[PDB]
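Undergrad: Shown below is the structure under consideration.
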Amino acid sequence: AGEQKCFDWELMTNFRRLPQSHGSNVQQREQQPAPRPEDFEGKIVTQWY
Amino acid sequence: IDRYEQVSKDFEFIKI
């Protein structure tokens, strides 16, 4: 609120450990929800293949 | 053939 800053509680309660990068096969990729551009903007990705 | 068939990266250490 205002110019004041605060602790990033959501990031710390989410990232207790980095998730391990695991690939997706066609079968399980089918029902995974369609990726949204907002979910990729300014984030970190990696080529598991 | 001209190429060795590639392997996938999803192998794991199965316990014996």
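In the structure tokens, each chain is lettered A, B, ... as it comes, each chain's residues begin at 1, and ligands are numbered from 1 in order of appearance.
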Neighbours of residue 23 (chain A) within 9 Å (only C-alpha atoms; same-chain residues fewer than 4 positions away dropped), as a PyMOL selection string?

TA: (chain A and resi 47-49) or (chain B and resi 10)

Undergrad: With N, CA, C and O atoms retained, write the just-selected residues as a compact mmCIF listing (two decimals), in the first residue's frame.

TA:
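The new file selection27.txt reads:
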```
# COMPACT_ATOMS: atom_id res chain seq x y z
N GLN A 47 13.75 -26.39 -21.03
CA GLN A 47 13.55 -27.45 -22.02
C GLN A 47 13.87 -28.79 -21.39
O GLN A 47 15.04 -29.16 -21.24
N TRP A 48 12.84 -29.54 -21.01
CA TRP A 48 13.06 -30.86 -20.42
C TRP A 48 13.39 -31.92 -21.47
O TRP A 48 13.93 -32.97 -21.11
N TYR A 49 13.07 -31.67 -22.74
CA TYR A 49 13.32 -32.66 -23.77
C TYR A 49 14.72 -32.57 -24.35
O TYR A 49 15.25 -33.59 -24.82
N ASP B 10 13.56 -40.09 -19.99
CA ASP B 10 12.71 -40.43 -18.85
C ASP B 10 13.07 -41.77 -18.21
O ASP B 10 12.17 -42.43 -17.66
```

Undergrad: Taking only C-alpha atoms into account, what are the residues of chain B at most 12 Å from chain A, put as a list in words?

TA: residues 7, 8, 9, 10 and 11 of chain B

Undergrad: Between CA of residue 15 (chain A) and CA of residue 37 (chain A), what distance in Å does the model show, to one decimal?

TA: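 Atom-to-atom, CA of residue 15 (chain A) to CA of residue 37 (chain A), that is 21.3 Å.
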